[PDB]
Amino acid sequence: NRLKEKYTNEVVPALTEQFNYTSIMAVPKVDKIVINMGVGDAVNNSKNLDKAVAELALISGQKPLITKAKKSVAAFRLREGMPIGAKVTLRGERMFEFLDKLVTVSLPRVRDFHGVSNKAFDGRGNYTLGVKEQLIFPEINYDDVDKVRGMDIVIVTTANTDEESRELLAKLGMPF
Amino acid sequence: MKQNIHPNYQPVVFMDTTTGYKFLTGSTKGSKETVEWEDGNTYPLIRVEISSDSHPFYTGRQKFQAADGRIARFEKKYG
Amino acid sequence: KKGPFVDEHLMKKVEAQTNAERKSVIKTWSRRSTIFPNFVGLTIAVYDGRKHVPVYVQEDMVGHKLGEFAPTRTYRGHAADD
Amino acid sequence: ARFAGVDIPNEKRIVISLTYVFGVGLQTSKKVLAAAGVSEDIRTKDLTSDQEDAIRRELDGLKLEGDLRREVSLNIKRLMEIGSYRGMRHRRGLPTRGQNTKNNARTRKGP
Amino acid sequence: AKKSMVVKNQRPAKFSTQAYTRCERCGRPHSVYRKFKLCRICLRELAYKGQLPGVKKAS
RNA sequence: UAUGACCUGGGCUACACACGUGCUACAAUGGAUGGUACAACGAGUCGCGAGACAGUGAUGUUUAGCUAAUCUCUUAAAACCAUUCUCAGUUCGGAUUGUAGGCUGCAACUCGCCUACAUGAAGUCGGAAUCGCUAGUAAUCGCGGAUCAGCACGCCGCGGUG
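cryo-EM is the method the PDB entry lists for this structure, together with a resolution of 5.60 Å.

So, in structure tokens, the structure goes:
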């Protein structure tokens, strides 16, 4: 990767400034993403959502799987069903194969007022995010984006520290 | 990894040129491809030459939107 | 515009109330008024024909006439519109 | 970037491929049609290779398309209550020419 | 009313913006030939007779 | 001593909604490309107002000519070839808007415009039906008066095509 090295060496000061000093192997650290359609919407055919699964294979984190709702909504009659909106559930050095999109491509492409999401307080050092359309990822996105069916973006630190998580993402790439 | 990933990572013969900063592997887009350009499957220019500061919230701080605001709605000598 | 247009007697109340006191209403008349940047921070009346409307001014009030200071074009309004 | 790289069509001139875009048009898109030296161009399904790279900031003279959105927004949403003789008519919805709204202007007026 | 609408525009008002002209028999509103200083409606009352080289039988 | 008035602006034109009501579109005969050729075309040296001009145009900057069988109007459009958009909510379609300017007048929202520009909604040929159209007739394109400081698709006449 590249942000392994600039991560650790650039947080060695922010080790001491933020909470833990001397826990030099185990400091706060990111965990993963999850990237989902989650639209609902399956009751029409579920097949348009089964092109949203090719939208998730198109953004190409990993294998685009789907979830079953626990109860099937009377207002949506969907009979629990497996297609609901897509799932990755992407983690690790693949995240480190994924974040340079986030910091130097994705929202600096979509140019929407530095994407402020300070509302994203997940209690303990995690941070949500969403998106409407994705004109992101050149030569992959286009000729099927007649409607981007959506995606959601949730980062998560190992730490329970929300503001140090703000300094952990906002350490690099995205102000809020 | 899965074994034999029948999902994507498929190599389009292109380049993730500059300040996306990626090259090519079993990989398909964005932040994934590789870290070098000094052999060049294709050469790193086709996307962009300006960085995340290509975002116009900060592009030399991006105060070229200024001036605006106080000539709204009256600093004038008519009427 | 070129060759501007402006009030006269309540221009002499711009110059009779800017110096003295920013307080009172006026038995106004104006289809011929403006607003200067000095004018902001005072109270003036608007001649509908019965109610000399006591409106103070904010900098938003760019140099329009008292025919359009406040919508004193009386039309009731909240009955069957749009 | 991207501004000129946003949502390429084929088959057109860049001028209609920018009135196509929210904003830059027949004064200015023809002005930078010439300033980038484009001139119909495309009808090609290729814009150029590098007159893009001219027309990044050569196109970026309009401040901005997102601040055309925030220019209508930043303009009128301050311009709410000057009167509000005009703002109430504009945002209640009638075309505020001072326009005769008796019968017609039926769509924006609302049937 | 015949004098606030005949005599009044005879009295000097502000301008042509205010004192719009008409014929001097009855101060009738516009549709007034200012090229011949007389109303259409009042000049028609002459055009019972007519002192004009125009053909009289409503061409 | 009042339904008679002087002034002052706001109404008079305001809008949930029906018919009166024409133009504009939906499109390739269009829409850009240009350079035509025409009747008109009446007020006027009171006023119209050059190839003198900043121009995106309003208008200045000059007003030449102008008591008209002078002159600015009066060089109208289609047919003309030139390129493409030859297919689509369409170089669209022009609802606004936000303006940024000029003209008019003492003043442009009520209670005139016009010139940009940016966004450019409907609208993809029109229920029931109606009305008009047997000659330059429908259709069609222009000019002037018309009112008037300002301001006219329908508002008078005349003719250009057919």
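Attention now moves to the layout of surface pockets. Regions of empty space are outlined by a rolling probe, equal in size to a water molecule, passed over the atoms. Quantified by volume, the largest pocket comes out at close to 1,400 Å³. Forming the walls of the largest pocket are 46 residues, and the residues nearest its centre are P138 and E139 of chain A together with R2, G5 and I8 of chain D. Here the lining of the largest pocket gets three residues from one element, more than from any other, and that element is helix α3 (residues 51-59) of chain D. Considering only residue class, the lining of the largest pocket consists of 18 nonpolar, eight polar and 20 charged. Looking at the second largest pocket, its volume works out to about 1,100 Å³.

All names here are of chain A. Membership of the largest hydrophobic core comes to 30 residues, with the highest contact counts inside it found for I33, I35, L56 and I59. Contributions of two or more residues to this core are made by β1 (30-36), α2 (49-59), β3 (86-91), α3 (99-104), α4 (106-110) and β6 (151-153). The residues touching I33, leaving out its near neighbours within four places in the chain, are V88, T89, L90, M95, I153, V154 and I155.

So, about the interface of chain A and chain B. Contacts between chain A and chain B engage 32 residues on the former and 25 residues on the latter. In total, about 2,300 Å² of surface goes out of reach between chain A and chain B, with carbon and sulfur atoms giving 56% of it. It is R2, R94 and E139 of chain A that lose the most area in chain A upon contact with chain B, and together they represent 21% of the buried surface on that side. Counting every contact that joins chain A to chain B gives one salt bridge.

The rules behind the values
Residues numbered from 1 in each chain as written, not as in the entry; some residues may be left out. Chains lettered and ligands numbered in written order. Part of a larger assembly, values for the part shown. Heavy atoms only, no water. Residues with missing side-chain atoms left out of burial classes, pairs and counts. 1 Å grid on protein atoms, 1.4 Å probe; cavity = no way out; pocket = protein on both sides within 12 Å on 5 of 7 lines; lining within 4 Å. Points joined across faces, edges and corners; volume = space filled by probe spheres on them. Helix = DSSP H or I, 4+ residues; strand = E, 2+ residues; numbered from the N terminus. Nonpolar A, V, L, I, M, F, W, Y, C, P; charged D, E, K, R; others polar. Core = buried A, V, L, I, M, F, W, Y, C linked by side-chain atoms within 4.5 Å. Buried < 20%, exposed > 50% of the residue type's maximum accessible area, 1.4 Å probe, protein only. Contact = heavy atoms within 4.5 Å. Buried area = accessible area lost by both parts, 1.4 Å probe. Salt bridge = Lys/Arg side-chain N within 4 Å of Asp/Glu carboxyl O.

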